[PDB]
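Form deposited in one PDB entry, single chain, as C-alpha cells, below.
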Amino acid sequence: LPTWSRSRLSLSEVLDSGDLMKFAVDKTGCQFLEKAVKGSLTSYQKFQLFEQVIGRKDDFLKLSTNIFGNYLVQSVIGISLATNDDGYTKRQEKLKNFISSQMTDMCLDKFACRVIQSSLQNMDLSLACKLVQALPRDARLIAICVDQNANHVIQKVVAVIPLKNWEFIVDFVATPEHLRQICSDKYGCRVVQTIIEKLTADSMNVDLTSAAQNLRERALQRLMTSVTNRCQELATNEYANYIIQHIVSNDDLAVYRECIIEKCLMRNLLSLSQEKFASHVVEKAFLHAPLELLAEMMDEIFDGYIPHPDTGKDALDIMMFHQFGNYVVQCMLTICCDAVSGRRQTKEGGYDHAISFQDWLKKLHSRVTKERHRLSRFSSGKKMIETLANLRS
C-alpha cells in the first residue's frame, strides 16, 4: 500500500492517486474498494473505474487472475453493464476483446474463470456468444473440461448461451477419443452430465421454439450415439457410471435407457452385478426398465446362466452372497414386494403384469426360504428375510 493511504478514506482519492492497482491486489485495500463501488457513483467515478479496472488489457488481466482483484473486476463489469451511457458499446466490445484473446489462460485460472463466468451470464447475449467462440477446439478444451475450476466455464456456457453457439462443444465431446478422456475424469463427467440435461426435452425446455427443439434433438442424438457406443466402458467406470445411471433413471431419456439395457446390460447382468461401479447401473436398470425388458432381466437372473457343473451354484446363489451382487438381489426383491403390495404400478402397455411380479416373488421367496440359515449370517440376508416378513402382513 502507498504511503499516503487509514479509515475515512474516499474512493475519489484512490481513483485520482493512480495507485488503484496497489489497493486492488491488497486484502484490505480491495475490501475497501468492493464496499465503495457498491455506493452511489458519479459519472466520473464510474469513468475512472472503467478505465483503471477494465480499460487496459494488462491491468485487467492482472486483476482478473488475482485472488482479491477478480472480485473488483466482476463488480466493475456489473457497473459497466448497468451504465447505458455513450461509452457503453466501446467498453463491452473492449472487454469481449480482452477476454477473447486470453480465453484458455483465463479459463484455467482459479480466479479469472470466475470473471469469465459472470461475463457470460451478465453481458449482452450477442457479446457473450462471441466469448464462447473464443473457446479452444483442441487438446486445450479437454484441459478445461477436466480442470476442477475451468470446467465450470463450460457449465456456465451450457446454462446461459443458446445451443447453436456451443454446438461445437457437443461434437467435440462426442468425438470417441475425447469422450473417453473426458468421461474418465472426475470433473469431465460433470461437464458431460450438465450437457446431457440441457439437451433433454424436459419440462425445463418447453420454452424452446420447435426449430430450437430440432437443434437440441440432433445434438442429443450425436452425443448419445457416442455414449451408447462406449456404454460398457462408461457403466463400469468409477466416474461415468453416474452418467449411465442418470440416463437409465430419466423417463425423458426413455429411448436411450432402453438402448443401454438392450445393447449393454442384457446378457451381462451376472458379471456387471459383481462390479463395484456397474452394480449401481444394474440396480437402476431393474428399477426403471419397461415391463418387457424387466421380464427379460428377471428371466436372465433366474434362468440365463448354466449352474456350476460340480457344486450346482447358480447366478442367484452367486449374487446373493457377493459383496456387490447382494445389493442387486435386494433391489429385485424390493421391486417385487412393491409391485405385489401396490406401492408400484403393475399395468403398462395396456396390460396388468401383476402375475409376472408374483411369479418372480415366489421364486425369490422359495430361494430365501431354502437358504434362510446361510442368509441370516449376513446383513443383506437379514434384510431380505425381513423384507419378505413385512410383506406377509
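Residue numbers here begin at 1 and follow the sequence given. Rigid core: the largest C-alpha set superposing within 1.5 Å between the two forms.
Same protein, other form: the form solved in complex with a partner chain, not shown, and the subject of what follows.
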_Any non-hydrogen atom of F321 within 4.5 angstroms of the partner chain in the deposited bound form_ = yes
_My question is simply whether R267 lines the interface with the partner chain in the deposited bound form - judged by any non-hydrogen atom within 4.5 Å._
yes
_Against the partner chain in the deposited bound form, would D303 count as a contact residue? Criterion: heavy atoms within 4.5 Å._
yes
*Taking heavy atoms only, is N326 within 4.5 angstroms of the partner chain in the deposited bound form?*
yes
*Given that the partner chain is left out here, which of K186, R218, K313, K164 has a heavy atom within 4.5 Å of it in the deposited bound form?*
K313
*Answer option from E197, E283, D109, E296, heavy atom within 4.5 Å of the partner chain in the deposited bound form*: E296
*asked:* Looking at 177-185, 220-228, 313-321, 82-90, which stretch has residues with any non-hydrogen atom within 4.5 Å of the partner chain in the deposited bound form?
replied: 313-321
_Core-superposed C-alpha of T311 shifting 2 Å or more between this form and the one not shown_ = yes
